[PDB]
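Student: enclosed are the sequence and the experimentally obtained structure.
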Amino acid sequence: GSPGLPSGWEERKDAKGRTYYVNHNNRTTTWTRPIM
């Protein structure tokens, strides 16, 4: 896993290398490193 993501944020991949951040607590799909 990757440290730095807030409580609720999760990182995933689109299988094709692309790493996106999916927050389950806020139901967000973010292509960006979460700052909060």
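Tutor: Received the coordinates, thanks. Residues are numbered from 1 along each chain as shown.
Student: switch to C-alpha atoms for all contacts and neighbour counts from now on
Tutor: Noted.
Student: spit out the contact partners of the residue nearest to the spatial centre of the chain.
Tutor: The geometric centre of the chain, computed from its C-alpha atoms, lies nearest to residue 21 (CA atoms, centre = their mean), at 1.8 Å. Contacts for residue 21 were tallied using CA atoms under 8 Å, 6 or more residues apart in numbering; they are 9, 10, 11, 12, 29, 30, 31, 32, 33, 34.
Student: what's the most distant pair in those residues?
Tutor: 12 and 34 (13.2 Å; CA to CA).
Student: residue 28 reaches residue 22, doesn't it?
Tutor: Yes. Because the distance of 5.7 Å satisfies CA atoms under 8 Å, residue 28 is recorded as touching residue 22.
Student: these two: which has the busier surroundings?
Tutor: Set residue 28 next to residue 22 and count neighbours by other CA atoms under 10 Å: residue 22 wins out with 20 against 13.
Student: contact partners for that one?
Tutor: Neighbours of residue 22 in contact, by CA under 8 Å, 6+ apart: 9, 10, 11, 12, 28, 29, 30.
Student: just these: which are in strands?
Tutor: Using DSSP state E, 9, 10, 11, 12, 28, 29, 30 are the members of the contacts of residue 22 that sit in strands.
Student: distance to residue 3 added to these, as a markdown table?
Tutor: Shown next, in a markdown table, are these (distance: CA to CA, whole Å):
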| residue | distance to residue 3 |
| --- | --- |
| 9 | 10 |
| 10 | 10 |
| 11 | 10 |
| 12 | 13 |
| 28 | 18 |
| 29 | 18 |
| 30 | 16 |
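Student: buried among the residues you listed? Need that as a selection in PyMOL.
Tutor: To isolate the buried subset of these in PyMOL, counting by 16 or more other CA atoms under 10 Å, use the following:
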select buried, resi 9+10+11
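Student: between the ones in strands among the contacts of residue 22, which is nearest residue 2?
Tutor: Of those, the one sitting nearest to residue 2 (CA to CA) turns out to be residue 11, at 7.6 Å.
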